[PDB]
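Q: using only what follows, build the 3D model:
(one chain, ligands or ions: 1)
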Amino acid sequence: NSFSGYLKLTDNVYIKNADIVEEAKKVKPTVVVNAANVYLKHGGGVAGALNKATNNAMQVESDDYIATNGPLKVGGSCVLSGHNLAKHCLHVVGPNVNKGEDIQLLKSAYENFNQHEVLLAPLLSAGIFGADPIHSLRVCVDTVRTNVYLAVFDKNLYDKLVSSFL
Ligand SMILES: CC(C)[C@H](Nc1ncnc2[nH]ccc12)c1cnn(C)c1
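A: Numbering: from 1, shown residues only. What follows is the structure:
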């Protein structure tokens, strides 16, 4: 958990303009959060980037988890291996609002973070899930009480987030 170059937004939320994969390789955190879907199919976005950095080990483990346990619920999570990136990966499903899933579930999704003292995480429900990323940071700030280090891989978005937060 040797995080460097973060900006502290609140007592427990830090942010950096960085690729979460690169942060995980440098820091080897106890927990890295994946922005997952309910079948843990890591096709693109943050999920595809984390799985590629494990050379598909995350996807083979995820497929075995789903065959044995079934899919997650939207707003839910599971803990699996972090492989080479972290001790553990917390796979968290935020709502895909472009598919009609309720934006209320984004609070439930961020509540999963409170089971871990320190986390390296992305913005949930941003990207293909369709939520406004600044709204996602507001729900993170209002919901997460443990120590969260957010990596946002887009300098334009990072500057909008920092400016909106102050
Ligand atoms: C908003 C965007 C910058 C963010 N992407 C990322 N954020 C952080 N590390 C990353 N590595 C590769 C992509 C990536 C995103 C995409 N989908 N979701 C749910 C979040």
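Q: residues near residue 147, how many?
A: By the criterion of other C-beta atoms under 10 Å, residue 147 has 16 neighbours. Every C-beta, even on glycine, is put in place using the N, C-alpha and C of the backbone.
Q: which ones are touching it?
A: 12, 14, 117-119 (C-beta atoms under 8 Å, 6 or more residues apart in numbering).
Q: between the residues you listed, which is nearest residue 28?
A: residue 118 (12.1 Å; C-beta to C-beta).
Q: how about the residues of this structure by the ligand?
A: 19-21, 35, 45-46, 49, 122-123, 126-127, 129, 133, 151-154, 157 (C-beta under 6 Å from any ligand atom).
Q: quick one: buried ones out of those residues?
A: Among the residues of the chain next to the ligand, those buried by neighbour count (16 or more other C-beta atoms under 10 Å) are 19-21, 35, 45-46, 49, 122-123, 126-127, 129, 133, 151-153, 157.
Q: just the ones of those residues in helices?
A: The members of those that map onto helices under DSSP state H are 20-21, 45-46, 49, 133, 157.
Q: reformat the residues you listed as JSON lines; add distance to residue 113.
A: Shown next, in JSON lines, are those (distance: C-beta to C-beta, whole Å):
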{"residue": "20", "distance to residue 113": "14"}
{"residue": "21", "distance to residue 113": "19"}
{"residue": "45", "distance to residue 113": "18"}
{"residue": "46", "distance to residue 113": "15"}
{"residue": "49", "distance to residue 113": "19"}
{"residue": "133", "distance to residue 113": "17"}
{"residue": "157", "distance to residue 113": "20"}
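Q: from the residues you listed, which two are the most distant?
A: Farthest pair in these, by C-beta to C-beta: 21 and 133, 18.5 Å.
Q: so the nearest residue to residue 36 once chain neighbours are set aside is in which element?
A: Leaving aside its chain neighbours, residue 36 sits nearest to residue 91 (4.0 Å; criterion: C-beta to C-beta, 6 or more residues apart in numbering). Taking DSSP states H and E as the criterion, residue 91 maps to strand 88-92.
Q: and that strand, what does it pack onto?
A: strand 31-35, strand 77-81 (3 or more C-beta pairs under 8 Å, 6 or more residues apart in numbering; DSSP states H and E).
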